[PDB]
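Chemist: Structure file start_17.cif (mmCIF, N, CA and C atoms and all ligand atoms) is given on the next line.
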```
data_upload
#
loop_
_atom_site.label_atom_id
_atom_site.label_comp_id
_atom_site.auth_asym_id
_atom_site.auth_seq_id
_atom_site.Cartn_x
_atom_site.Cartn_y
_atom_site.Cartn_z
N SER A 1 0.84 -1.19 0.00
CA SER A 1 0.00 0.00 0.00
C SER A 1 0.88 1.25 0.00
N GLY A 2 0.56 2.24 -0.83
CA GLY A 2 1.32 3.49 -0.83
C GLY A 2 1.80 4.09 -2.15
N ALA A 3 1.62 5.41 -2.33
CA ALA A 3 2.07 6.08 -3.56
C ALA A 3 2.62 7.52 -3.32
N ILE A 4 3.34 8.09 -4.32
CA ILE A 4 3.84 9.47 -4.20
C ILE A 4 3.02 10.33 -5.17
N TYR A 5 2.62 11.48 -4.73
CA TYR A 5 1.79 12.37 -5.53
C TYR A 5 2.53 13.67 -5.76
N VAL A 6 3.09 13.87 -6.97
CA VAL A 6 3.82 15.11 -7.28
C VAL A 6 3.28 15.75 -8.56
N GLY A 7 2.68 16.95 -8.44
CA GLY A 7 2.10 17.60 -9.60
C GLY A 7 1.00 16.75 -10.22
N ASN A 8 1.00 16.58 -11.55
CA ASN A 8 -0.01 15.74 -12.19
C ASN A 8 0.47 14.28 -12.37
N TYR A 9 1.27 13.81 -11.41
CA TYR A 9 1.82 12.45 -11.43
C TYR A 9 1.52 11.69 -10.15
N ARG A 10 1.48 10.36 -10.27
CA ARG A 10 1.28 9.46 -9.16
C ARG A 10 2.30 8.31 -9.38
N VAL A 11 3.26 8.08 -8.48
CA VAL A 11 4.23 7.00 -8.62
C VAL A 11 3.81 5.85 -7.72
N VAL A 12 3.86 4.62 -8.21
CA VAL A 12 3.49 3.44 -7.42
C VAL A 12 4.48 2.29 -7.70
N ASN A 13 4.38 1.16 -6.95
CA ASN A 13 5.13 -0.05 -7.31
C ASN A 13 4.42 -0.58 -8.56
N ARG A 14 5.15 -0.89 -9.62
CA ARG A 14 4.58 -1.42 -10.86
C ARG A 14 3.85 -2.75 -10.59
N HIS A 15 4.34 -3.60 -9.65
CA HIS A 15 3.63 -4.86 -9.34
C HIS A 15 2.29 -4.66 -8.58
N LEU A 16 2.06 -3.46 -8.06
CA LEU A 16 0.84 -3.13 -7.36
C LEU A 16 -0.07 -2.14 -8.14
N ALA A 17 0.33 -1.77 -9.38
CA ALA A 17 -0.39 -0.84 -10.25
C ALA A 17 -1.80 -1.35 -10.56
N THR A 18 -2.78 -0.43 -10.58
CA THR A 18 -4.21 -0.73 -10.82
C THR A 18 -4.60 -0.64 -12.34
N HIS A 19 -5.89 -0.83 -12.69
CA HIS A 19 -6.33 -0.69 -14.07
C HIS A 19 -6.32 0.78 -14.49
N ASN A 20 -6.60 1.71 -13.56
CA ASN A 20 -6.57 3.14 -13.87
C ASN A 20 -5.15 3.61 -14.17
N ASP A 21 -4.16 3.11 -13.40
CA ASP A 21 -2.75 3.46 -13.64
C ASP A 21 -2.32 3.06 -15.06
N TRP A 22 -2.69 1.85 -15.54
CA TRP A 22 -2.34 1.39 -16.88
C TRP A 22 -3.07 2.11 -18.04
N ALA A 23 -4.29 2.62 -17.78
CA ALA A 23 -5.13 3.34 -18.74
C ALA A 23 -4.75 4.84 -18.86
N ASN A 24 -3.91 5.36 -17.93
CA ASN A 24 -3.35 6.71 -17.89
C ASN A 24 -1.85 6.63 -17.62
N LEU A 25 -1.16 5.68 -18.27
CA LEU A 25 0.26 5.41 -18.09
C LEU A 25 1.15 6.52 -18.63
N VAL A 26 2.17 6.96 -17.86
CA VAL A 26 3.15 7.90 -18.39
C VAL A 26 4.46 7.12 -18.74
N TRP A 27 4.97 6.32 -17.79
CA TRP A 27 6.23 5.58 -17.94
C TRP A 27 6.24 4.38 -16.96
N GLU A 28 6.83 3.23 -17.38
CA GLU A 28 6.93 2.09 -16.51
C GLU A 28 8.28 1.38 -16.77
N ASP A 29 8.88 0.86 -15.71
CA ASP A 29 10.15 0.17 -15.84
C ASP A 29 10.18 -1.07 -14.96
N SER A 30 9.88 -2.21 -15.56
CA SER A 30 9.98 -3.52 -14.94
C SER A 30 11.28 -3.73 -14.12
N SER A 31 12.46 -3.35 -14.66
CA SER A 31 13.71 -3.54 -13.92
C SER A 31 13.82 -2.66 -12.68
N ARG A 32 13.00 -1.62 -12.53
CA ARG A 32 12.98 -0.72 -11.35
C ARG A 32 11.74 -0.92 -10.44
N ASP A 33 10.77 -1.74 -10.87
CA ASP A 33 9.50 -1.99 -10.18
C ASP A 33 8.76 -0.67 -10.04
N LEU A 34 8.83 0.22 -11.08
CA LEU A 34 8.12 1.53 -11.00
C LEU A 34 7.06 1.78 -12.12
N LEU A 35 6.05 2.60 -11.81
CA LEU A 35 5.05 2.98 -12.79
C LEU A 35 4.52 4.33 -12.35
N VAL A 36 4.50 5.31 -13.27
CA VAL A 36 3.89 6.65 -13.01
C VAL A 36 2.58 6.79 -13.82
N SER A 37 1.54 7.43 -13.24
CA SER A 37 0.29 7.62 -13.95
C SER A 37 -0.32 9.01 -13.65
N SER A 38 -1.17 9.48 -14.59
CA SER A 38 -1.84 10.77 -14.68
C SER A 38 -2.94 11.00 -13.67
N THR A 39 -2.92 12.17 -13.07
CA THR A 39 -3.96 12.56 -12.10
C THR A 39 -4.56 13.89 -12.55
N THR A 40 -5.78 14.22 -12.10
CA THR A 40 -6.39 15.50 -12.45
C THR A 40 -6.15 16.52 -11.32
N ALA A 41 -6.28 16.05 -10.08
CA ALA A 41 -5.97 16.84 -8.92
C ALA A 41 -4.44 16.96 -8.86
N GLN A 42 -3.95 18.13 -8.44
CA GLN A 42 -2.52 18.44 -8.29
C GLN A 42 -1.91 17.86 -6.96
N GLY A 43 -0.79 17.15 -7.06
CA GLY A 43 -0.05 16.56 -5.93
C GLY A 43 0.84 17.55 -5.21
N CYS A 44 1.16 17.29 -3.94
CA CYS A 44 1.90 18.28 -3.15
C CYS A 44 3.20 17.81 -2.50
N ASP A 45 3.64 16.57 -2.77
CA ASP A 45 4.88 16.05 -2.20
C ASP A 45 6.11 16.65 -2.88
N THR A 46 7.13 16.95 -2.09
CA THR A 46 8.40 17.47 -2.60
C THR A 46 9.35 16.28 -2.81
N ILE A 47 10.03 16.19 -3.95
CA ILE A 47 10.99 15.10 -4.19
C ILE A 47 12.39 15.63 -3.89
N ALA A 48 13.24 14.83 -3.25
CA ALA A 48 14.61 15.25 -2.93
C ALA A 48 15.50 15.19 -4.17
N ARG A 49 16.40 16.15 -4.30
CA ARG A 49 17.42 16.23 -5.35
C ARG A 49 18.77 16.32 -4.59
N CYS A 50 19.30 15.15 -4.15
CA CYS A 50 20.45 15.00 -3.25
C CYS A 50 21.08 13.58 -3.35
N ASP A 51 22.13 13.31 -2.54
CA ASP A 51 22.70 11.98 -2.41
C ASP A 51 22.87 11.59 -0.95
N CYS A 52 21.82 11.81 -0.13
CA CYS A 52 21.82 11.42 1.28
C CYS A 52 21.86 9.91 1.42
N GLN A 53 22.32 9.44 2.54
CA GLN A 53 22.32 8.01 2.85
C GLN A 53 21.76 7.72 4.24
N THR A 54 20.93 8.64 4.78
CA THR A 54 20.19 8.55 6.04
C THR A 54 18.84 9.18 5.78
N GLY A 55 17.82 8.61 6.38
CA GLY A 55 16.46 9.08 6.20
C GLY A 55 15.50 8.40 7.17
N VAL A 56 14.17 8.47 6.87
CA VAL A 56 13.07 7.89 7.65
C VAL A 56 12.04 7.21 6.73
N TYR A 57 11.68 5.95 7.03
CA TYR A 57 10.67 5.23 6.25
C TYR A 57 9.44 4.83 7.10
N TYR A 58 8.28 4.72 6.45
CA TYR A 58 7.06 4.32 7.14
C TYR A 58 6.84 2.81 6.98
N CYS A 59 6.48 2.12 8.07
CA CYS A 59 6.29 0.67 8.06
C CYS A 59 4.85 0.28 8.41
N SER A 60 3.95 0.00 7.41
CA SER A 60 2.54 -0.37 7.64
C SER A 60 2.36 -1.50 8.64
N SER A 61 3.19 -2.58 8.53
CA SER A 61 3.14 -3.78 9.38
C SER A 61 3.45 -3.53 10.86
N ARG A 62 4.03 -2.38 11.17
CA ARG A 62 4.29 -1.97 12.56
C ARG A 62 3.67 -0.61 12.91
N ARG A 63 2.95 0.05 11.98
CA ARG A 63 2.37 1.39 12.20
C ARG A 63 3.34 2.39 12.87
N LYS A 64 4.63 2.30 12.48
CA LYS A 64 5.70 3.11 13.06
C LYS A 64 6.66 3.57 11.96
N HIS A 65 7.16 4.82 12.08
CA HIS A 65 8.19 5.41 11.21
C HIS A 65 9.55 5.04 11.85
N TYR A 66 10.55 4.71 11.02
CA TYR A 66 11.88 4.29 11.49
C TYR A 66 13.02 5.03 10.80
N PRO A 67 14.05 5.42 11.57
CA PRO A 67 15.26 6.00 10.94
C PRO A 67 16.20 4.90 10.40
N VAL A 68 16.88 5.13 9.25
CA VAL A 68 17.77 4.14 8.59
C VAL A 68 18.95 4.78 7.84
N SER A 69 20.07 4.04 7.75
CA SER A 69 21.22 4.33 6.92
C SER A 69 20.92 3.47 5.70
N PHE A 70 21.15 3.99 4.49
CA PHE A 70 20.84 3.23 3.30
C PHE A 70 21.94 3.33 2.27
N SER A 71 22.04 2.32 1.42
CA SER A 71 23.07 2.26 0.39
C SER A 71 22.76 3.18 -0.80
N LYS A 72 23.74 3.34 -1.71
CA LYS A 72 23.62 4.14 -2.92
C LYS A 72 22.84 3.36 -3.99
N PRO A 73 22.02 4.03 -4.83
CA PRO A 73 21.27 3.30 -5.87
C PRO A 73 22.14 2.42 -6.76
N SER A 74 21.80 1.13 -6.85
CA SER A 74 22.59 0.16 -7.62
C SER A 74 21.79 -1.10 -8.06
N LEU A 75 22.46 -2.04 -8.79
CA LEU A 75 21.89 -3.31 -9.24
C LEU A 75 22.03 -4.41 -8.18
N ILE A 76 20.89 -4.85 -7.62
CA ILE A 76 20.81 -5.90 -6.62
C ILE A 76 19.89 -7.04 -7.10
N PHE A 77 20.31 -8.31 -6.91
CA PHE A 77 19.54 -9.50 -7.27
C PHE A 77 18.31 -9.72 -6.36
N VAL A 78 17.13 -9.89 -6.97
CA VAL A 78 15.87 -10.09 -6.27
C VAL A 78 15.29 -11.47 -6.64
N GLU A 79 14.92 -12.24 -5.60
CA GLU A 79 14.34 -13.59 -5.69
C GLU A 79 13.08 -13.62 -6.54
N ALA A 80 12.80 -14.77 -7.15
CA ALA A 80 11.61 -14.93 -7.98
C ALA A 80 10.35 -14.77 -7.12
N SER A 81 9.38 -14.01 -7.61
CA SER A 81 8.09 -13.76 -6.96
C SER A 81 6.95 -14.08 -7.96
N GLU A 82 5.69 -14.01 -7.51
CA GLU A 82 4.55 -14.21 -8.40
C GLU A 82 4.42 -13.11 -9.46
N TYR A 83 5.15 -11.97 -9.30
CA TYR A 83 5.12 -10.83 -10.22
C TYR A 83 6.31 -10.86 -11.19
N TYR A 84 7.49 -11.25 -10.72
CA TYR A 84 8.68 -11.26 -11.58
C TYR A 84 9.49 -12.54 -11.43
N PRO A 85 10.20 -12.96 -12.50
CA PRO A 85 11.16 -14.07 -12.32
C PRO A 85 12.43 -13.56 -11.60
N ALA A 86 13.35 -14.46 -11.19
CA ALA A 86 14.59 -14.04 -10.52
C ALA A 86 15.41 -13.11 -11.45
N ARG A 87 15.68 -11.87 -10.97
CA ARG A 87 16.35 -10.87 -11.81
C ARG A 87 17.19 -9.86 -11.02
N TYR A 88 17.94 -9.00 -11.71
CA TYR A 88 18.63 -7.89 -11.05
C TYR A 88 17.67 -6.73 -11.14
N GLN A 89 17.39 -6.08 -10.02
CA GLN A 89 16.56 -4.86 -10.05
C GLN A 89 17.50 -3.66 -9.93
N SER A 90 17.38 -2.71 -10.86
CA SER A 90 18.24 -1.52 -10.90
C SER A 90 17.68 -0.37 -10.06
N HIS A 91 18.55 0.59 -9.66
CA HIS A 91 18.18 1.78 -8.88
C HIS A 91 17.59 1.38 -7.51
N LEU A 92 18.10 0.31 -6.91
CA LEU A 92 17.61 -0.16 -5.61
C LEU A 92 18.53 0.23 -4.48
N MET A 93 17.98 0.74 -3.35
CA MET A 93 18.75 1.09 -2.13
C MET A 93 18.43 0.16 -0.93
N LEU A 94 19.45 -0.44 -0.26
CA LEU A 94 19.20 -1.32 0.88
C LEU A 94 19.52 -0.70 2.27
N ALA A 95 18.77 -1.14 3.31
CA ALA A 95 18.91 -0.74 4.71
C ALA A 95 18.54 -1.89 5.67
N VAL A 96 19.09 -1.86 6.89
CA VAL A 96 18.74 -2.77 7.98
C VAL A 96 17.43 -2.21 8.56
N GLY A 97 16.42 -3.05 8.63
CA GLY A 97 15.11 -2.64 9.10
C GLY A 97 14.01 -3.58 8.66
N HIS A 98 12.98 -3.69 9.48
CA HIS A 98 11.85 -4.56 9.24
C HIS A 98 10.95 -4.18 8.03
N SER A 99 10.61 -5.18 7.22
CA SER A 99 9.65 -5.09 6.13
C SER A 99 8.98 -6.44 5.87
N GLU A 100 7.69 -6.39 5.52
CA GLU A 100 6.82 -7.50 5.14
C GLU A 100 6.21 -7.14 3.76
N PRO A 101 5.75 -8.11 2.94
CA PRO A 101 5.24 -7.77 1.60
C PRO A 101 4.23 -6.62 1.50
N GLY A 102 3.29 -6.53 2.45
CA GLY A 102 2.31 -5.44 2.50
C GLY A 102 2.88 -4.05 2.76
N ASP A 103 4.18 -3.96 3.05
CA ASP A 103 4.85 -2.70 3.31
C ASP A 103 5.33 -1.98 2.06
N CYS A 104 5.30 -2.63 0.86
CA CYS A 104 5.72 -1.96 -0.41
C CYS A 104 4.89 -0.70 -0.63
N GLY A 105 5.51 0.44 -0.93
CA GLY A 105 4.74 1.68 -1.12
C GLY A 105 4.94 2.72 -0.04
N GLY A 106 5.43 2.31 1.13
CA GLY A 106 5.77 3.24 2.20
C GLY A 106 6.92 4.12 1.76
N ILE A 107 6.84 5.42 2.06
CA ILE A 107 7.82 6.41 1.62
C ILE A 107 9.06 6.48 2.51
N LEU A 108 10.22 6.73 1.87
CA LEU A 108 11.51 7.03 2.47
C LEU A 108 11.76 8.54 2.23
N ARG A 109 12.15 9.26 3.28
CA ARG A 109 12.38 10.69 3.22
C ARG A 109 13.65 11.07 3.93
N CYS A 110 14.32 12.13 3.48
CA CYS A 110 15.45 12.77 4.14
C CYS A 110 15.00 14.24 4.41
N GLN A 111 15.88 15.11 4.93
CA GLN A 111 15.52 16.53 5.14
C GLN A 111 15.24 17.30 3.83
N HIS A 112 15.53 16.70 2.66
CA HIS A 112 15.30 17.38 1.37
C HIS A 112 13.98 16.99 0.67
N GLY A 113 13.31 15.96 1.18
CA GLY A 113 12.07 15.48 0.57
C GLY A 113 11.97 13.97 0.46
N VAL A 114 11.15 13.52 -0.49
CA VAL A 114 10.86 12.15 -0.83
C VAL A 114 12.03 11.57 -1.63
N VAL A 115 12.59 10.47 -1.15
CA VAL A 115 13.74 9.79 -1.74
C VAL A 115 13.30 8.60 -2.62
N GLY A 116 12.33 7.85 -2.12
CA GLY A 116 11.86 6.66 -2.79
C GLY A 116 10.80 5.93 -1.99
N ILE A 117 10.41 4.73 -2.49
CA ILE A 117 9.37 3.91 -1.86
C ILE A 117 9.81 2.47 -1.57
N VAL A 118 9.24 1.82 -0.49
CA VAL A 118 9.59 0.44 -0.14
C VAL A 118 9.27 -0.46 -1.34
N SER A 119 10.18 -1.40 -1.69
CA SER A 119 9.99 -2.22 -2.88
C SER A 119 10.39 -3.65 -2.72
N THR A 120 11.32 -3.98 -1.77
CA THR A 120 11.79 -5.35 -1.43
C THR A 120 12.09 -5.47 0.11
N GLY A 121 12.34 -6.68 0.61
CA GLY A 121 12.63 -6.94 2.02
C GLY A 121 12.94 -8.39 2.35
N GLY A 122 13.14 -8.70 3.63
CA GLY A 122 13.42 -10.05 4.12
C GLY A 122 14.75 -10.21 4.83
N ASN A 123 14.81 -11.07 5.84
CA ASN A 123 16.00 -11.36 6.67
C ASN A 123 16.52 -10.14 7.44
N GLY A 124 15.61 -9.22 7.77
CA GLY A 124 15.99 -8.03 8.50
C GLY A 124 16.53 -6.93 7.61
N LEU A 125 16.27 -7.01 6.29
CA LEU A 125 16.66 -5.99 5.33
C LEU A 125 15.38 -5.38 4.70
N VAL A 126 15.50 -4.13 4.17
CA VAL A 126 14.44 -3.40 3.48
C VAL A 126 15.06 -2.66 2.25
N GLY A 127 14.42 -2.82 1.08
CA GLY A 127 14.84 -2.24 -0.18
C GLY A 127 13.90 -1.16 -0.66
N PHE A 128 14.46 -0.02 -1.13
CA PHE A 128 13.72 1.17 -1.58
C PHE A 128 14.06 1.44 -3.04
N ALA A 129 13.03 1.68 -3.84
CA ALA A 129 13.18 2.01 -5.24
C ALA A 129 13.44 3.52 -5.33
N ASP A 130 14.64 3.94 -5.75
CA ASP A 130 15.00 5.36 -5.83
C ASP A 130 14.16 6.11 -6.86
N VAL A 131 13.80 7.40 -6.56
CA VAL A 131 13.06 8.30 -7.49
C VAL A 131 13.77 9.70 -7.70
N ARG A 132 14.89 9.97 -6.99
CA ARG A 132 15.57 11.28 -7.09
C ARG A 132 16.14 11.63 -8.49
N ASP A 133 16.33 10.63 -9.37
CA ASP A 133 16.90 10.89 -10.69
C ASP A 133 15.86 11.26 -11.76
N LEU A 134 14.57 10.99 -11.46
CA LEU A 134 13.45 11.27 -12.35
C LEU A 134 13.12 12.74 -12.23
N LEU A 135 13.93 13.57 -12.91
CA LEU A 135 13.86 15.02 -12.86
C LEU A 135 12.58 15.60 -13.45
N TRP A 136 11.94 14.86 -14.40
CA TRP A 136 10.71 15.24 -15.11
C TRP A 136 9.46 15.22 -14.24
N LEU A 137 9.53 14.62 -13.04
CA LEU A 137 8.40 14.61 -12.11
C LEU A 137 8.03 16.04 -11.65
N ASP A 138 8.99 16.98 -11.71
CA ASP A 138 8.86 18.38 -11.33
C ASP A 138 8.54 19.33 -12.47
N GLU A 139 8.57 18.85 -13.72
CA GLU A 139 8.38 19.67 -14.92
C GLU A 139 7.54 18.93 -15.97
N1 LIG B 201 10.56 -5.53 -6.25
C1 LIG B 201 10.22 -6.80 -6.29
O1 LIG B 201 10.57 -7.56 -7.20
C2 LIG B 201 9.29 -7.28 -5.18
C3 LIG B 201 8.02 -7.91 -5.77
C4 LIG B 201 7.08 -8.41 -4.68
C5 LIG B 201 7.79 -9.36 -3.75
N2 LIG B 201 9.01 -8.76 -3.19
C6 LIG B 201 9.32 -8.76 -1.88
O2 LIG B 201 10.43 -8.43 -1.50
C7 LIG B 201 8.33 -9.27 -0.80
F1 LIG B 201 7.10 -8.69 -1.00
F2 LIG B 201 8.14 -10.62 -0.93
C8 LIG B 201 8.83 -8.95 0.60
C9 LIG B 201 9.07 -9.95 1.55
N3 LIG B 201 9.44 -9.52 2.76
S1 LIG B 201 9.52 -7.86 2.77
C10 LIG B 201 9.05 -7.71 1.14
CL1 LIG B 201 8.89 -6.18 0.40
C11 LIG B 201 9.95 -8.27 -4.21
ZN ZN B 202 18.47 14.47 1.05
#
```
As a first step, turn the structure in this file into structure tokens.
Modeler:
Amino acid sequence: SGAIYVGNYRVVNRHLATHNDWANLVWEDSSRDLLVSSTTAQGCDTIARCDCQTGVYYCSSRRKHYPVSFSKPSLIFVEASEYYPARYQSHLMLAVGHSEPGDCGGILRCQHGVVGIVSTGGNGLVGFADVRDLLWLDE
């Protein structure tokens, strides 16, 4: 559960995208687990334009926000799921912290804004799909 709303855009996990998201599709990237779609109401979230490696993420399965140190966006191997076969997912950031499948979509933030969304997890690790490079979300 969870999405980012910036201007006339809505970013979600591509594996959790709805029929409306696909019928108003702007861009989608299987290797990043991302999909952006068109909205009529204007969004108000600020996206970060930085290279921080500390922030705060929201965890639905614990109803608690947590502070984390996280890695730089890179190619990490992700286990086969009902949505994708075993593959390398690009632009992924890892941190020590609790996550369960229903937690995908929770936002990661630093003092500059929205950094990304929960996208992978397991064994006491949590993975975030980076969004700071998508400069067109602001224009
Ligand atoms: N980005 C991916 O390929 C996702 C697809 C859905 C499945 N993915 C997961 O990691 C998970 F839901 F099983 C999970 C398990 N414990 S915490 C999380 Cl998040 C990978
Ligand atoms: Zn930052």
Chemist: One number please: atom CA of residue 31 of chain A to atom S1 of ligand LIG 201 (chain B), in Å, one decimal.
Modeler: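 Separation between atom CA of residue 31 of chain A and atom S1 of ligand LIG 201 (chain B): 17.7 Å.
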Chemist: Could you pull the residues within 10 Å of residue 88 of chain A, counting only C-alpha atoms, minus those fewer than 6 positions along the same chain, as a list in words?
Modeler: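 These residues fall inside the cut-off: residues 31, 32, 74, 75, 76, 77, 78 and 79 of chain A.
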Chemist: Rounded to one decimal in Å, what is the spacing between atom N of residue 69 of chain A and atom C of residue 56 of chain A?
Modeler: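 So the two atoms, atom N of residue 69 of chain A and atom C of residue 56 of chain A, lie 8.7 Å apart.
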Chemist: Counting only C-alpha atoms and all ligand atoms, which residues of chain A fall within 10 Å of ligand LIG 201 (chain B), and what is the closest atom pair for each with its distance in Å at one decimal, ordered by chain and rising number, as JSON lines?
Modeler:
```
{"residue": "A:13", "atom": "CA", "partner": "B:LIG201", "partner_atom": "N1", "distance": 7.8}
{"residue": "A:14", "atom": "CA", "partner": "B:LIG201", "partner_atom": "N1", "distance": 8.6}
{"residue": "A:15", "atom": "CA", "partner": "B:LIG201", "partner_atom": "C3", "distance": 6.4}
{"residue": "A:16", "atom": "CA", "partner": "B:LIG201", "partner_atom": "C4", "distance": 8.6}
{"residue": "A:30", "atom": "CA", "partner": "B:LIG201", "partner_atom": "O1", "distance": 8.8}
{"residue": "A:31", "atom": "CA", "partner": "B:LIG201", "partner_atom": "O1", "distance": 8.4}
{"residue": "A:32", "atom": "CA", "partner": "B:LIG201", "partner_atom": "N1", "distance": 7.4}
{"residue": "A:33", "atom": "CA", "partner": "B:LIG201", "partner_atom": "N1", "distance": 5.4}
{"residue": "A:34", "atom": "CA", "partner": "B:LIG201", "partner_atom": "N1", "distance": 8.9}
{"residue": "A:77", "atom": "CA", "partner": "B:LIG201", "partner_atom": "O1", "distance": 9.2}
{"residue": "A:78", "atom": "CA", "partner": "B:LIG201", "partner_atom": "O1", "distance": 5.9}
{"residue": "A:79", "atom": "CA", "partner": "B:LIG201", "partner_atom": "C11", "distance": 7.1}
{"residue": "A:80", "atom": "CA", "partner": "B:LIG201", "partner_atom": "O1", "distance": 7.5}
{"residue": "A:81", "atom": "CA", "partner": "B:LIG201", "partner_atom": "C5", "distance": 5.5}
{"residue": "A:82", "atom": "CA", "partner": "B:LIG201", "partner_atom": "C4", "distance": 7.3}
{"residue": "A:83", "atom": "CA", "partner": "B:LIG201", "partner_atom": "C3", "distance": 6.1}
{"residue": "A:84", "atom": "CA", "partner": "B:LIG201", "partner_atom": "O1", "distance": 6.0}
{"residue": "A:85", "atom": "CA", "partner": "B:LIG201", "partner_atom": "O1", "distance": 8.3}
{"residue": "A:86", "atom": "CA", "partner": "B:LIG201", "partner_atom": "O1", "distance": 8.3}
{"residue": "A:87", "atom": "CA", "partner": "B:LIG201", "partner_atom": "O1", "distance": 8.1}
{"residue": "A:88", "atom": "CA", "partner": "B:LIG201", "partner_atom": "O1", "distance": 8.9}
{"residue": "A:89", "atom": "CA", "partner": "B:LIG201", "partner_atom": "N1", "distance": 7.1}
{"residue": "A:90", "atom": "CA", "partner": "B:LIG201", "partner_atom": "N1", "distance": 9.8}
{"residue": "A:92", "atom": "CA", "partner": "B:LIG201", "partner_atom": "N1", "distance": 8.9}
{"residue": "A:97", "atom": "CA", "partner": "B:LIG201", "partner_atom": "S1", "distance": 9.9}
{"residue": "A:98", "atom": "CA", "partner": "B:LIG201", "partner_atom": "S1", "distance": 7.6}
{"residue": "A:99", "atom": "CA", "partner": "B:LIG201", "partner_atom": "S1", "distance": 4.4}
{"residue": "A:100", "atom": "CA", "partner": "B:LIG201", "partner_atom": "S1", "distance": 3.6}
{"residue": "A:101", "atom": "CA", "partner": "B:LIG201", "partner_atom": "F1", "distance": 3.3}
{"residue": "A:102", "atom": "CA", "partner": "B:LIG201", "partner_atom": "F1", "distance": 6.8}
{"residue": "A:103", "atom": "CA", "partner": "B:LIG201", "partner_atom": "CL1", "distance": 6.1}
{"residue": "A:104", "atom": "CA", "partner": "B:LIG201", "partner_atom": "CL1", "distance": 5.3}
{"residue": "A:105", "atom": "CA", "partner": "B:LIG201", "partner_atom": "CL1", "distance": 9.0}
{"residue": "A:118", "atom": "CA", "partner": "B:LIG201", "partner_atom": "CL1", "distance": 6.7}
{"residue": "A:119", "atom": "CA", "partner": "B:LIG201", "partner_atom": "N1", "distance": 4.8}
{"residue": "A:120", "atom": "CA", "partner": "B:LIG201", "partner_atom": "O2", "distance": 3.4}
{"residue": "A:121", "atom": "CA", "partner": "B:LIG201", "partner_atom": "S1", "distance": 3.3}
{"residue": "A:122", "atom": "CA", "partner": "B:LIG201", "partner_atom": "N3", "distance": 4.2}
{"residue": "A:123", "atom": "CA", "partner": "B:LIG201", "partner_atom": "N3", "distance": 7.9}
{"residue": "A:124", "atom": "CA", "partner": "B:LIG201", "partner_atom": "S1", "distance": 8.6}
{"residue": "A:125", "atom": "CA", "partner": "B:LIG201", "partner_atom": "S1", "distance": 7.8}
{"residue": "A:126", "atom": "CA", "partner": "B:LIG201", "partner_atom": "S1", "distance": 6.7}
{"residue": "A:127", "atom": "CA", "partner": "B:LIG201", "partner_atom": "CL1", "distance": 7.2}
{"residue": "A:128", "atom": "CA", "partner": "B:LIG201", "partner_atom": "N1", "distance": 8.8}
{"residue": "A:129", "atom": "CA", "partner": "B:LIG201", "partner_atom": "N1", "distance": 8.0}
```
Chemist: Neighbouring residues of ligand ZN 202 (chain B) are defined here as those with any atom at most 12 Å from a ligand atom, counting only C-alpha atoms and all ligand atoms; list them as an NGL selection string.
Modeler: :A and (46-56 or 70 or 108-116 or 130-132)
Chemist: As a list in words, please: the residues near residue 38 of chain A (cut-off 7 Å, only N, CA and C atoms, same-chain neighbours under 2 positions excluded).
Modeler: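 That gives residues 8, 9, 10, 21, 24, 25, 26, 36 and 40 of chain A.
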Chemist: To one decimal place, how far is atom N of residue 139 of chain A from atom CA of residue 2 of chain A in Å?
Modeler: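 So the answer is 21.3 Å.
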